[PDB]
Amino acid sequence: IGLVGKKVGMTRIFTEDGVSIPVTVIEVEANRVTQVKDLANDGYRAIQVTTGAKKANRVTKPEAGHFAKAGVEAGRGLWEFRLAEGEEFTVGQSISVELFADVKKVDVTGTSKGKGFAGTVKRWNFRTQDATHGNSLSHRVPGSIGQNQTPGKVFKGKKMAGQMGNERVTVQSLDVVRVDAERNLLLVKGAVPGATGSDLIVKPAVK
Amino acid sequence: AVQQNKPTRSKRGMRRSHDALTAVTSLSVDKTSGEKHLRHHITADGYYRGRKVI
Amino acid sequence: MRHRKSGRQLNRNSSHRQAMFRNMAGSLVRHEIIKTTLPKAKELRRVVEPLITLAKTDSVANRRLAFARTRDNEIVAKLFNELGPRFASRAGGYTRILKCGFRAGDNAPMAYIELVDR
Amino acid sequence: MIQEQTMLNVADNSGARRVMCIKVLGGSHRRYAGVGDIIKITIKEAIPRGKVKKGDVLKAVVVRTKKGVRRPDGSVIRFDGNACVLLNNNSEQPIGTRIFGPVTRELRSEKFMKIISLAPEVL
Amino acid sequence: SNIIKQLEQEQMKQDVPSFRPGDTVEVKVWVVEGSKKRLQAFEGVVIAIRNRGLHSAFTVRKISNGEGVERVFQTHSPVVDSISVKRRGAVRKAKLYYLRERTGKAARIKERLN
RNA sequence: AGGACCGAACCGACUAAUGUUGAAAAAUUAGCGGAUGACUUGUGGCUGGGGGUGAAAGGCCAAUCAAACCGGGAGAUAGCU
RNA sequence: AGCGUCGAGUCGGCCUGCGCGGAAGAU
RNA sequence: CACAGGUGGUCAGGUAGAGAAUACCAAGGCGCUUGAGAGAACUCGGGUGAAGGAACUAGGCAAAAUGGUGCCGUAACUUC
RNA sequence: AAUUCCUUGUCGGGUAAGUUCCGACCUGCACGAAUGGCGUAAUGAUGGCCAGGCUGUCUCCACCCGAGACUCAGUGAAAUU
RNA sequence: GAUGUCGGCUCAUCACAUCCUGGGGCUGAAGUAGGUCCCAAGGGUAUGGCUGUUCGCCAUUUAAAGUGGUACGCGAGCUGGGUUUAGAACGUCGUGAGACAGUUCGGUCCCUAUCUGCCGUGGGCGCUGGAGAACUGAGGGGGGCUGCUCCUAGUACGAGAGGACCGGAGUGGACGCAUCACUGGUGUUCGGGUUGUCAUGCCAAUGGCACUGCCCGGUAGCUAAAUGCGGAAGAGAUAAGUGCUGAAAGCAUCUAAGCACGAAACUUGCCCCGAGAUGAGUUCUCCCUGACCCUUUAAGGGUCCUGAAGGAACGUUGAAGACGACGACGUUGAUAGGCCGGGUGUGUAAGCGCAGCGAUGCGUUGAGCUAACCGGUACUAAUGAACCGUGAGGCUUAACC
Ligand SMILES: [K+]
Ligand SMILES: [K+]
Ligand SMILES: [K+]
Ligand SMILES: [K+]
Ligand SMILES: [K+]
Ligand SMILES: [K+]
Ligand SMILES: [K+]
Ligand SMILES: [K+]
Ligand SMILES: [K+]
Ligand SMILES: [K+]
Ligand SMILES: [K+]
Ligand SMILES: [K+]
Ligand SMILES: [K+]
Ligand SMILES: [K+]
Ligand SMILES: [K+]
Ligand SMILES: [K+]
Ligand SMILES: [K+]
Ligand SMILES: [K+]
Ligand SMILES: [K+]
Ligand SMILES: [K+]
Ligand SMILES: [K+]
Ligand SMILES: [Mg+2]
Ligand SMILES: [Mg+2]
Ligand SMILES: [Mg+2]
Ligand SMILES: [Mg+2]
Ligand SMILES: [Mg+2]
Ligand SMILES: [Mg+2]
Ligand SMILES: [Mg+2]
Ligand SMILES: [Mg+2]
Ligand SMILES: [Mg+2]
Ligand SMILES: [Mg+2]
Ligand SMILES: [Mg+2]
Ligand SMILES: [Mg+2]
Ligand SMILES: [Mg+2]
Ligand SMILES: [Mg+2]
Ligand SMILES: [Mg+2]
Ligand SMILES: [Mg+2]
Ligand SMILES: [Mg+2]
Ligand SMILES: [Mg+2]
Ligand SMILES: [Mg+2]
Ligand SMILES: [Mg+2]
Ligand SMILES: [Mg+2]
Ligand SMILES: [Mg+2]
Ligand SMILES: [Mg+2]
Ligand SMILES: [Mg+2]
Ligand SMILES: [Mg+2]
Ligand SMILES: [Mg+2]
Ligand SMILES: [Mg+2]
Ligand SMILES: [Mg+2]
Ligand SMILES: [Mg+2]
Ligand SMILES: [Mg+2]
Ligand SMILES: [Mg+2]
Ligand SMILES: [Mg+2]
Ligand SMILES: [Mg+2]
Ligand SMILES: [Mg+2]
Ligand SMILES: [Mg+2]
Ligand SMILES: [Mg+2]
Ligand SMILES: [Mg+2]
Ligand SMILES: [Mg+2]
Ligand SMILES: [Mg+2]
Ligand SMILES: [Mg+2]
Ligand SMILES: [Mg+2]
Ligand SMILES: [Mg+2]
Ligand SMILES: [Mg+2]
Ligand SMILES: [Mg+2]
Ligand SMILES: [Mg+2]
Ligand SMILES: [Mg+2]
Ligand SMILES: [Mg+2]
Ligand SMILES: [Mg+2]
Ligand SMILES: [Mg+2]
Ligand SMILES: [Mg+2]
Ligand SMILES: [Mg+2]
Ligand SMILES: [Mg+2]
Ligand SMILES: [Mg+2]
Ligand SMILES: [Mg+2]
Ligand SMILES: [Mg+2]
Ligand SMILES: [Mg+2]
Ligand SMILES: [Mg+2]
Ligand SMILES: [Mg+2]
Ligand SMILES: [Mg+2]
Ligand SMILES: [Mg+2]
Ligand SMILES: [Mg+2]
Ligand SMILES: [Mg+2]
Ligand SMILES: [Mg+2]
Ligand SMILES: [Mg+2]
Ligand SMILES: [Mg+2]
Ligand SMILES: [Mg+2]
Ligand SMILES: [Mg+2]
Ligand SMILES: [Mg+2]
Ligand SMILES: [Mg+2]
Ligand SMILES: [Mg+2]
Ligand SMILES: [Mg+2]
Ligand SMILES: [Mg+2]
Ligand SMILES: [Mg+2]
């Protein structure tokens with residue numbers, strides 16, 4: 001499994017050898033198991049977790065009953081983690097950042113920052129045409145988008161302008177710099193997806 | 001760039017399937033005057049949430 | 001993108017916006033209620049309410065800083081003599097915005113902006 | 001951050017005064033040489049009676065850059081000019097007998113220890 | 001926010017001495033030859049300060065064997081062992097980048113009498 | 001003194017971008033040339049179509065030019081569509 | 001054929017029916 | 001066309017300036033007959049840019065640059 | 001060579017590298033003496049070539065300020081079929 | 001009654017007759033390195049000088065600088081150097097007008113996208129009572145490059161010279177994704193310096209205008225040159241190829257039966273989309289338990305009563321965004337603005353005092369001011385409602401109770 005945390009921000013750890021490690025600080029508060037899924041009922045093995053805290057009134061009756069069945073306080077969302085053969089948890093069990101105490105590498109999944117409607121220069125690293133030398137209205141424009149009568153169409157997956165970012169992104173194999181049960185902190189080396197305050201999924205590195 | 005064929009009255013109407021105007025969901029009723037008004041807006045007679053403002 | 005940016009451009013250059021908000025801030029301190037477009041009214045609070053804050057502490061410095069930001073000694077006088085003392089115990093929120101529908105000529109969303117104790 | 005056409009000053013007594021980078025060596029489409037990278041150079045200006053002549057094509061190691069060098073704590077060392085030490089084309093050993101101005105500790109390999117040794121300062 | 005504050009606070013050197021742009025500082029930095037650790041002095045003019053908590057930095061310019069050298073130190077780095085202010089300079093500006101275009105007599109800074 | 005020099009008005013039109021169902025059936029913007037002369041400009045006059053006028057480009061002769069425009073021969077003729 | 005021995009087939013052409021390889025191309 | 005064009009003459013303030021250039025003003029005249037929001041791509045017109053500096057390109061096209069007054073000083077060549 | 005087809009002639013210069021350029025050679029396909037020959041200071045929005053300065057021309061683009069584009073209200077075209 | 005033509009630029013896409021990387025047989029293959037043939041299309045596959053060039057030659061790289069198809073791919077995407085209008089000249093031909101599969105200088109590149117296509121993004125209805133969530137994964141897409149160094153080992157091999165396989169570790173190039181902690185760029189919303197001028201009565205102090213007047217710094221954000229991460233290992237089935245056992249054919253034979261191995265290709269493993277997957281799936285939770293009339297009586301049509309869960313709407317908004325959408329928040333409230341404290345940036349405000357003939361200096365004073373930042377704080381605006389959505393959800397058959 002992994003744990004759901006929040007992106008606090010970035011800072012550094014100065015080591016004794018005079019190395020400055022860039023860290024992302026991840027607030028990993030207690031993940032409370034809301035539902036255990038099994039091969040009999042659900043067809044697969046997983047735990048559903050919640051974390052954080054939700055306003056008493058903005059929890060709907062359908063959502064409130066789901067939390068009420070577990071015997072857990074409502075958190076800000078629900079997330080699943082697939083279980084391996086070895087693992088077992090119970091409904092209501094808390095899992096803390098201490099799960100990662102002996103984990104050396106993590107994959108961190110977030111929602112990337114939203115860039116809105118991006119052109120092909122920004123989105124796909126297309127080269128600009130001439131700034132000068134007679135170029136008419138075609139500086140950052142895409143250029144050609146196909147051939148001729150053969151094939152007489154544009155192929156699917158053609159790189160064009162459109163929505164960029166605001167999507168799920170994993171960054172793999174980030175070194176765990178520090179675990180801190182006391183302050184509910186996981187520090188990982190380097191950048192992770194998403195804005196400050198965004199939800200992050202952290203799992204032990206698959207590679 | 002221009003059409004090679006005249007589009008139909010059918011296709012015209014299909015495009016205009018999204019042009020329909022939406023009515024105001026409901027009007028709000030002022031506390032004091034009892035004048036109906038646009039919600040979060042001041043009434044025609046200068047009341048808002050039961051207070052003479054203008 | 002405009003991530004974390006503040007300020008409306010209002011289809012103006014920066015010199016125009018500054019001049020307009022100076023004129024409009026004056027107008028509001030004089031009359032105490034003005035009707036404007038909802039985004040202009042919303043922006044006017046970010047100019048006006050600092051001027052009233054500055055007017056709470058009547059010094060020669062603050063009067064010149066007020067005059068810099070208004071260019072109207074009549075407006076400066078009302079800030080320091082009337083509004084500053086009027087709003088002394090109040091911690092910001094010297095103005096309120098009340099929406100008042102739509103302008104006939106261009107369907108602009110309009111609003112009143114007034115001083116709260118008017 | 002040196003590329004093709006970049007003019008470099010010379011930090012040795014080979015006889016060259018100004019050299020032009022004509023190739024950043026060590027990979028396809030490689031854009032830049034920084035401190036410690038070997039470049040191919042042409043000599044544009046030389047002293048009357050050095051070991052090298054104007055128009056000679058040989059190698060050099062970049063020893064100072066304006067872009068500079070980052071250190072593991074996040075610090076930077078920037079120089080006021082770009083400078084290199086001329087190397088023999090085949091051997092890649094320094095042609096000159098002396099080194100002028102400071103070098104960086106990035107040159108500490110097996111390779112450039114003559115330069116390290118001869119330099120007045122290492123940063 | 002408050003979390004990063006506390007993470008950062010506990011790494012900040014409490015004994016960073018006071019200095020300003022125009023001051024001649026000597027920065028003693030640790031230098032490693034395998035295991036042999038020694039202090040190398042870097043003395044010159046402070047031309048810029050970035051005050052930014054743990055992420056504080058300062059830029060020291062010196063002319064070094066005929067060549068101008070700027071080093072940007074990270075203030076709370078263990079690399080920087082000590083900072084001694086040697087002279088106090090009297091400048092107006094926060095950033096003295098204009099000294100990059102000056103040499104010798106032009107680049108002299110009047111001493112700050114206090 | 002000057003078909004002298006630098007440079008506004010004024011007269012031009014070398015380059016580029018824009019514009020190209022234009023703001024404009026030839027322009028705008030930034031630069032560009034001449035600027036006391038073989039200069040430029042107002043008003044009026046004269047030269048008429050195989051004719052004019054031309055520091056000559058077949059240029060120009062009312063947004064028309066290797067033979068103007070209008071009317072007429074005239075429903076030219078069209079082994080072509 | 002394997003090899004003195006062991007026990008029934010064994011050898012290479014001819015003609016001919018049908019197959020095999022020779023046989024790499026661009027949405 | 002209530003059209004960024006074209007159209008001869010006359011008048012000529014202040015400060016700075018060689019000036020009828022240019023900047024800011026006076027007298028006087030006007031804000032150009034759709035507005036309101038938003039602050040994507042892309043296009044247009046601009047500003048700034050690490051390191052490099054013509055490697056761009058048919059071509060340094062475009063841009064960047066130079067830019068004033070006084071004084072010092074100034075080559076080949078020349079019809080002086 | 002504003003002339004040379006063969007031709008990027010050959011040799012020299014410049015460049016790391018020069019079908020262009022400059023200087024030569026003469027093998028002038030197919031120069032040549034007022035449909036002028038050769039030279040020439042000065043002049044040129046003239047053609048070619050080189051250098052210094054300079055730079056977003058480029059490596060390789062980034063950000064920002066404005067006008068459109070986008071949304072709302074009013075008015076309301078076009079080629080084509 | 002028009003299918004724009006060379007070369008470049010931008011963007012490609014396919015073939016394999018493979019340039020590199022991978023696998024392998026033979027060699028006149030000791031090793032290293034070659035030659036030749038077979039398999040293999042996963043990914044990768046120079047910058048410059050000259051020339052309109054494609055090309056070519058040259059310089060210097062690289063693991064390599066592949067060959068072709070795509071209207072000699074791509075001008076409703078750009079260019080316009082070549083070439084083929086009108087000007088002009090040279091050589092040449094011609095008595096000449098003129099002409100040249102000669103040369104030379106100059107010489108307008110239009111289109112607001114209806115349809116298909118493609119990139120993004122919504123609205124509708126469906127999925128069989130309605131609703132809020134979490135999912136499964138049919139299927140689809142992305143990714144797949146490689147140098148050098150060190151160890152193994154100066155070991156095998158070799159007379160020496162030189163010098164490995166196999167295996168392992170490090171560090172790069174190019175490419176991609178994310179991010180802004182650091183280094184920087186930008187920062188016409190912050191601070192300051194300064195020229196000309198106009199004004200605020202004047203001084204002092206300020207503001208306007210002059211490209212943000214010109215500049216110097218710089219916060220947040222955005223961002224690359226900044227710094228984190230990636231390509232995989234592994235698994236399955238194989239290609240060329242190598243075999244085991246093994247007859248047909250007493251022998252032999254990798255093959256006919258049977259069995260093993262074998263590559264960046266293939267199927268997975270990694271990442272992302274994904275139930276309109278109409279084959280519309282699953283799991284968890286929530287909600288609605290009135291009366292009555294009519295008649296061609298049927299999955300029928302009304303009246304009154306009722307109005308849930310939830311949704312929407314409106315408002316304050318966002319590191320979300322063209323608009324829709326998506327997320328936060330609406331007083332039982334930190335959603336935004338303001339305000340308070342801090343930080344950051346600029347660099348010692350004004351006023352007054354003191355020194356000086358004065359410009360100006362010094363003190364008060366690291367002052368004043370300070371955007372988008374951080375921590376807080378109900379002062380202002382997020383309103384009581386109203387609106388949409390209903391009232392236990394077909395038939396058959398089966399199993400069971
Ligand atoms: K005639
Ligand atoms: K000839
Ligand atoms: K003659
Ligand atoms: K000339
Ligand atoms: K191709
Ligand atoms: K082989
Ligand atoms: K391949
Ligand atoms: K064609
Ligand atoms: K073309
Ligand atoms: K076409
Ligand atoms: K076009
Ligand atoms: K069609
Ligand atoms: K940054
Ligand atoms: K920044
Ligand atoms: K002023
Ligand atoms: K479904
Ligand atoms: K969207
Ligand atoms: K607030
Ligand atoms: K002071
Ligand atoms: K003061
Ligand atoms: K301060
Ligand atoms: Mg965004
Ligand atoms: Mg490019
Ligand atoms: Mg054009
Ligand atoms: Mg353009
Ligand atoms: Mg087809
Ligand atoms: Mg519509
Ligand atoms: Mg904000
Ligand atoms: Mg507008
Ligand atoms: Mg201005
Ligand atoms: Mg003259
Ligand atoms: Mg003319
Ligand atoms: Mg002009
Ligand atoms: Mg002249
Ligand atoms: Mg002149
Ligand atoms: Mg002619
Ligand atoms: Mg005419
Ligand atoms: Mg005739
Ligand atoms: Mg007749
Ligand atoms: Mg007829
Ligand atoms: Mg056959
Ligand atoms: Mg008008
Ligand atoms: Mg007019
Ligand atoms: Mg005139
Ligand atoms: Mg005047
Ligand atoms: Mg003027
Ligand atoms: Mg814009
Ligand atoms: Mg600029
Ligand atoms: Mg630059
Ligand atoms: Mg700068
Ligand atoms: Mg620079
Ligand atoms: Mg330079
Ligand atoms: Mg040059
Ligand atoms: Mg070039
Ligand atoms: Mg080129
Ligand atoms: Mg130019
Ligand atoms: Mg310029
Ligand atoms: Mg020739
Ligand atoms: Mg050149
Ligand atoms: Mg030659
Ligand atoms: Mg050239
Ligand atoms: Mg010659
Ligand atoms: Mg002749
Ligand atoms: Mg004669
Ligand atoms: Mg003659
Ligand atoms: Mg046709
Ligand atoms: Mg093959
Ligand atoms: Mg492929
Ligand atoms: Mg394939
Ligand atoms: Mg594969
Ligand atoms: Mg080439
Ligand atoms: Mg073609
Ligand atoms: Mg092709
Ligand atoms: Mg075009
Ligand atoms: Mg086309
Ligand atoms: Mg041409
Ligand atoms: Mg002609
Ligand atoms: Mg930051
Ligand atoms: Mg900076
Ligand atoms: Mg700035
Ligand atoms: Mg006055
Ligand atoms: Mg004064
Ligand atoms: Mg004025
Ligand atoms: Mg004015
Ligand atoms: Mg100023
Ligand atoms: Mg594998
Ligand atoms: Mg056998
Ligand atoms: Mg590989
Ligand atoms: Mg504050
Ligand atoms: Mg400070
Ligand atoms: Mg000030
Ligand atoms: Mg002091
Ligand atoms: Mg806040
Ligand atoms: Mg309420």
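Throughout, a chain's letter reflects where its sequence line sits, starting with A, and its residues are numbered from 1. Both backbone and side-chain heavy atoms feed into the values below; hydrogens, waters and symmetry mates do not.
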Name the nucleic acid region contacted by [X], choosing base, sugar-phosphate or nothing; use a 4.0 angstrom heavy-atom cut-off, strictly under.
| X | value |
| --- | --- |
| D:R70 | base |
| D:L25 | sugar-phosphate |
| B:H41 | nothing |
| C:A68 | sugar-phosphate |
| D:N82 | sugar-phosphate |
| A:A161 | base |
| E:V91 | nothing |
| D:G26 | sugar-phosphate |
| A:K7 | sugar-phosphate |
| B:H18 | base |
| C:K99 | sugar-phosphate |

When you check the phosphate oxygens OP1 and OP2 of [N], does a side-chain N or O of [X] lie under 4.0 Å from one of them?
| X | N | answer |
| --- | --- | --- |
| A:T60 | J:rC286 | no |
| C:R64 | J:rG207 | no |
| D:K44 | I:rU15 | no |
| D:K54 | I:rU15 | yes |
| A:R140 | I:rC61 | no |
| C:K40 | H:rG37 | yes |
| B:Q3 | J:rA113 | no |
| E:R92 | J:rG347 | no |
| A:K61 | J:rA309 | no |
| E:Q74 | J:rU183 | yes |
| A:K115 | J:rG321 | no |
| E:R50 | J:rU344 | no |
| D:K59 | I:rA16 | no |
| E:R52 | J:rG343 | no |

Worksheet item: Relative to the 5' end of RNA chain H, which residue comes earlier, A:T120 or C:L10, by the nucleotide with the nearest heavy atom?
Response: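 On the 5' side of the pair lies C:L10.
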Fill in: D:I2 vs A:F117, nearer the 5' end of RNA chain H by closest nucleotide
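This one resolves to A:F117.
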Fill in: Chi class for J:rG147: syn within 90° of 0, otherwise anti
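That one's anti.
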Worksheet item: Going by ring centres under 5.5 Å and near-parallel planes (under 30°), is A:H66 stacked on J:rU285?
Response: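 Ring-base stacking flag not set for A:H66 and J:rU285.
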At less than 3.5 Å, do the side-chain atoms of [X] and the base atoms of [N] form a donor-acceptor pair?
| X | N | answer |
| --- | --- | --- |
| D:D56 | I:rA16 | no |
| A:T132 | H:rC61 | yes |
| D:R30 | J:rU62 | no |
| A:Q129 | J:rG77 | yes |
| A:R76 | J:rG327 | no |
| C:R4 | J:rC373 | no |
| A:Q35 | J:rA134 | no |
| B:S26 | J:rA386 | yes |
| D:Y32 | I:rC60 | yes |
| D:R31 | H:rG52 | no |
| E:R20 | J:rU348 | yes |
| D:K23 | J:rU47 | yes |
| D:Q3 | I:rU59 | yes |
| A:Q149 | J:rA71 | yes |

Worksheet item: Is J:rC259 paired with J:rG243, either Watson-Crick or G-U wobble, both distances below 3.5 Å?
Response: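 Taken together, J:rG243 and J:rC259 make a base pair (Watson-Crick or G-U wobble, both distances under 3.5 Å).
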Fill in: Two-distance pair criterion under 3.5 Å, Watson-Crick or G-U, for J:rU67 and J:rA15
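Under the 3.5 Å cut-off on both distances, the two nucleotides are paired.
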Discussion item. What I want to find out is whether E:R100 reaches E:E70 closely enough, with some N-O distance under 4.0 Å, to be called a salt bridge.
Written reply: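 A salt bridge links E:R100 with E:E70.
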Worksheet item: Are C:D106 and C:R103 within salt-bridge range, i.e. N to O under 4.0 Å?
Response: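 Yes, charged N to carboxylate O under 4.0 Å.
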Donor-acceptor pair between [X] and [Y] side chains, under 3.5 angstrom:
| X | Y | value |
| --- | --- | --- |
| A:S20 | A:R12 | yes |
| A:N166 | A:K115 | no |
| C:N13 | C:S15 | yes |

Worksheet entry | Among J:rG208, J:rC78, I:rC61, the one nearest A:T128 by side-chain distance |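 Nearest to the side-chain atoms of A:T128, counting from C-beta on, is I:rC61.
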Item to complete: Return the nearest nucleotide to the side chain of A:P193; candidates are J:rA178, J:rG321, H:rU57.
Response: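 Nearest to the side chain of A:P193 among the choices is J:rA178.
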Worksheet item: Considering all heavy atoms of both residues, which atom of A:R140 and which atom of A:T120 are nearest to each other, and what is their separation?
Response: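 Looking at all heavy atoms of both residues, the closest pair is O-OG1, 4.0 Å.
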Item to complete: Check the angle between the aromatic planes of C:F87 and C:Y94 and answer parallel, tilted or perpendicular using the 30° and 60° thresholds.
Response: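 Tilted.
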Practice prompt. Verify, without hydrogens or angle tests, whether A:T111 (side chain) and A:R168 (backbone) share a donor-acceptor contact under 3.5 angstrom.
Written response: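 Checked: no pair found.
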